[PDB]
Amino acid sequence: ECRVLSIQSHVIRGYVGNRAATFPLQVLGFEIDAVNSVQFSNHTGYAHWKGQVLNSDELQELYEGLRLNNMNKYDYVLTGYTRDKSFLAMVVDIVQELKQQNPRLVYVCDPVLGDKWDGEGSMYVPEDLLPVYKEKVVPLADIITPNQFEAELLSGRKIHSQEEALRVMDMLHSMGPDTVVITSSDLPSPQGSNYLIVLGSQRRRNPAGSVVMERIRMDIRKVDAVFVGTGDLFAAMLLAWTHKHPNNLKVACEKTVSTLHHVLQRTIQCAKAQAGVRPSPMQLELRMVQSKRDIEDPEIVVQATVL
């Protein structure tokens, strides 16, 4: 089996965090264990929400149970939105130990920090997490999925073009991860302003022992709606597809993105049908269960360009 330790948020209603990542990965045959970092009624995008949060001591306690039972052996660790520094610090110590047990362990990290909605975006998490991500998390990460804003904060350099983005990706590689994917863009696109850019870069040592790097690009059609959990789903699927195609970033990224496409298209349709009228957050909840078939064998609806 292939074991994944996913430490993310949980909601009763809806799909974000572990709710967005668990079903798909289970459907794909992964033994995914879910540590819920928070338990809320629904995501914070709704008008109302209530719930509890897990603290760093409780996380450590849970890991103790696993350790005591000699069940602290994983192939992958997967994290995303993290709200607290001591929690993030604990996540770091846990990954560090799991990597000692298994040096081949792959840590997939979605470095959630914030986004843009003008020019100079804003953060979604305490600023004191940035230094921890820079000095502790990223260095341990093997695969990261920052958006442009996050790539800039992590690298400490702004991005105004594709070449600058690639330079940032090289900087991020030097910080630690062999696979870097700047998930969202807003860089010029030959197809217009209705498209966003996805850039991916993967460094690996081939059979002959040569260290090479593969770079790809995708121009994805934007959507006129605010979805939640897509980044969590993107990271989970990237994990799954790079696992299946370890030396082919292109195919891995094309399947990840296509899976997202099918889920979002189905979600958009159902959302509209449930009215007209801008759908509510509830109606825009990802149609995960209904996308089982697309998750298993996604029809490739987009092709990446080689860089």
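Definition used throughout: the rigid core is the maximal C-alpha set that superposes within 1.5 Å between two forms. All residue numbers refer to positions in the sequence shown, first residue = 1.
> After superposing on the rigid core, which of 146 to 154 and 188 to 196 has its C-alpha atoms sitting farther from this form in 6 other deposited structures of this protein?
With the rigid core fitted, 188 to 196 is the stretch that strays more in 6 other deposited structures of this protein.
> Quick one: with the core lined up, is it 120 to 128 or 79 to 87 that wanders further in 6 other deposited structures of this protein, going by C-alpha RMS?
If we average over structures and residues in 6 other deposited structures of this protein, the farther stretch is 120 to 128.
> Of the other PDB entries for this protein whose models extend past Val223 on both sides, does at least a third leave it without coordinates?
It is not, since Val223 is included in all of the other entries that model both flanking stretches.
> Given that the flanking residues are present, does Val181 go without coordinates in at least a third of the other entries of this protein?
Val181: modelled in all of the comparison entries.
> Answer with none, 1 to 3, 4 to 9, or 10 or more: how many deposited residues between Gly276 and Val277 are not present in the coordinates.
Unmodelled stretch: 1 to 3 residues, a short break.
> Do the CA atoms of 85 to 93 or those of 218 to 226 have the higher mean B-factor in the entry?
The deposited B-factors put 218 to 226 ahead on the C-alpha mean.
> Would you tell me which stretch averages the higher CA B-factor in the PDB entry, 23 to 31 or 55 to 63?
Mean CA B-factor is higher for 55 to 63.
> Using only the C-alpha B-factors in the record, can you name which of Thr79, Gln202, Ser122, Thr145 has the highest?
Reading the PDB entry, the winner on C-alpha B-factor is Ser122.
> Pick out which of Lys272, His261, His43, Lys50 has the highest C-alpha B-factor in the PDB entry.
Largest recorded C-alpha B-factor: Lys272.
> Using only modelled residues of the chain, where does the Cα B factor of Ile268 rank: lowest third, middle third or highest third?
Its C-alpha B-factor, which the entry lists for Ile268, ranks in the highest third among residues of this chain.
> Please say which third, lowest, middle or highest, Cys2 falls into when its CA temperature factor is compared across its chain.
For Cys2, the deposited C-alpha B-factor lands in the middle third.
> Mind checking which third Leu68 falls in for C-alpha B-factor across the chain?
CA B-factor rank for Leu68: highest third.
> Where does the C-alpha B-factor of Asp110 rank in its chain, lowest, middle or highest third?
Its C-alpha B-factor belongs to the lowest third of this chain's values.
> Relative to the other modelled residues of the same chain, rank the CA B-factor of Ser280 and answer lowest, middle or highest third.
Top third by C-alpha B-factor.
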